[PDB]
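Next up: just one chain, as C-alpha cells, the form deposited in one PDB entry.
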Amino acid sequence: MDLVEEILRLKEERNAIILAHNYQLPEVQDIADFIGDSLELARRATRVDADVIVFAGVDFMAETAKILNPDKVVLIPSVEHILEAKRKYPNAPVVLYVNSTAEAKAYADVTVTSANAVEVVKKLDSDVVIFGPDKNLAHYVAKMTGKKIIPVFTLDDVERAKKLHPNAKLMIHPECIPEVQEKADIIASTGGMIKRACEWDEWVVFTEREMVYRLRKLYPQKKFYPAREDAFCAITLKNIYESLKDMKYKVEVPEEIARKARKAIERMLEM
C-alpha cells in the first residue's frame, strides 16, 4: 500500500497533526506537520489545532504534549530523591529537565529543555538550584550560570573527528560529558544547532546520527559529519500509519499529577 497517501487520509479522518522530534527518521520527518527540539515542540503543541496529536518522539515529551492538552488525544507511535534533596534545601527551587517522568515534573517548580536551561535558571532568584536528572546538562548550567550545583562520546571521538575533518567545527549537545563540552565550537540543543549551522560550512555533529540527515536537509550545501562515522545504528512510517489506523498508544497522565506538572511546564514556556 501507499503509506504516505494512507497517512494523509487518516490525518484528515482523525483530525490529527503529526509532530516530530529532530532525531526521528527521515521518513517520519518527511510526513510531519512540524519538526523541532523539545522546546519548539512544546510550543507547537500548546493550544493544539487538532483533535489528535501523533507525537513522533520520546515518551516523556509526548506526555508533555498531553499534559498541555488534557482534552485532546495524544498518540505515541511506539521521586524520593527529589523530596530528600528538597528537605536538605527547603528554599532551593526544583528544576526538572523535560527528559523525566510526568510524576517527577509534579514535584518541580519549573521544567527546562536543553535550549532554555541556562535562560530559565538565570532567572531564578535562588543561588542554589535543585536540578535533574541529567548530570551533564546540570554541569553545563552550573558553568554558564554560576550557581550552586544540586544534582538529583569521548575525547577520542573528538580527536578522531578533528583528524579526519580539520576545518570542520564541532556542534556538541549539552548532554555530552564536560570534557567533550569543553572542546565544542557551539553547545546547543538540536534546535540551536539548526539555528547556528549558518556559522560555518562544515560541521562534526555530536548527537544522534539522525540529526545529520535533518541538517543536510535544511542546508544542502554544507557538510555534516557524524561524530562516529564508522558506527552502525525506531519509529517508522509504518508505525505512524498504524498509530492513526488503530489510534494506539494513547498517552494519559493522572489529573493530580498532570495538574502540577502542567504548572511547571507552562511556567517554563513563560520564562
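One-based numbering along the sequence shown. Take the two forms, superpose them, and find the largest set of C-alpha atoms that agree within 1.5 Å; that set is the rigid core.
What comes next is about the form deposited in another entry, which does not appear here.
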Q: Align on the core first; then indicate which of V158, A92, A197, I186 has a CA shift of 2 angstroms or more between this form and the one not shown.
A: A92
Q) After the core is matched up, is the C-alpha of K135 off by 2 Å or more between this form and the one not shown? A) no
(Q) Using a rigid core superposition, assess whether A45 undergoes a CA shift of 2 Å or more between this form and the one not shown. (A) yes
Q) Is the C-alpha displacement of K147 equal to or greater than 2 Å between this form and the one not shown once the rigid core has been superposed? A) yes
